[PDB]
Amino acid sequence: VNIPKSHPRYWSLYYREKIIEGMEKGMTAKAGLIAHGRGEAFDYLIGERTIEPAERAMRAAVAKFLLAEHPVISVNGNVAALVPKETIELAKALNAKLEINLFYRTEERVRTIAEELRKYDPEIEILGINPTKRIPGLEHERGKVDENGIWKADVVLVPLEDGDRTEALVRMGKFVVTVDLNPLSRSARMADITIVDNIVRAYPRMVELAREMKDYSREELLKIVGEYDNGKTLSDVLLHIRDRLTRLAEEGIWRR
């Protein structure tokens, strides 16, 4: 990361280095590198900041998790490369189990990811190591879940997830929250709560909200998670990007 701190693409470049090493540590899938670029472009368009529609979604999600009877947080190759410590934090803050859930499971991937998480907590409870259950509707390898993790969860957080799984989880009766910079992806459109923000900002922001809501009443929380409309939240994100586009055009370098 040898670039002036004043570089406008400072952080973006920094995480791009992180995602590359992720694959270098053998935990980030190649498809994960591609998904990362999808994120980069939408983040650039959005403004690399947590927009209002996102703060809104995170509020409802934290409220929703606080009421969960068995909340679970899913971790994949990208999460492990970008926010390995922050995901352990969010999981402690919401008293939620941690499950390694990969679309493409392998003995190495799981081990490496569990190892990466154990670098910030060698004691934390990590599920999905030995997955016995299956998410209905998915190909055997892609629908693996842990008898004690997602399989029994009522509210689940699946960040940077493939649309088929999000949909399948909703179909099996799980309430699904996702973090996804692409508001037009199947997953973003299928989730009950869609947080359109970079996970590097969303995760510490939610750990914050969980503190700011730690002493909330089950009534206050029910009011929150009760007034949330994911549809209007998605439409606003789209409108935001549209307005962001109008201005990005009247700026930068032009040639004529």
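The numbering used is simple: start at 1 and walk along the sequence shown.
In this crystal structure, the stretch out of 146 to 154 and 102 to 110 whose C-alpha atoms carry the higher mean B factor is 102 to 110. Across the two stretches, 179 to 187 and 69 to 77, the PDB entry reports the greater mean Cα temperature factor for 69 to 77. You'll see in the entry that, of 192, 219, 52, 40, the Cα B factor peaks at 219. Ranking 196, 200, 34, 225 by the C-alpha B-factor listed in the PDB entry places 225 at the top.
In the deposited entry, the Cα temperature factor of residue 162 sits in the middle third of values across the chain's modelled residues.
In this PDB entry, residue 96 carries a Cα temperature factor that places it within the middle third of its chain's modelled residues. In the PDB entry, residue 127 places in the highest third of its chain by CA B-factor. When the CA B factors of the chain's modelled residues are split into thirds, the value for residue 204 lands in the middle one. Annotation for residue 23: C-alpha temperature factor in the highest third relative to the rest of the modelled chain, per the entry.
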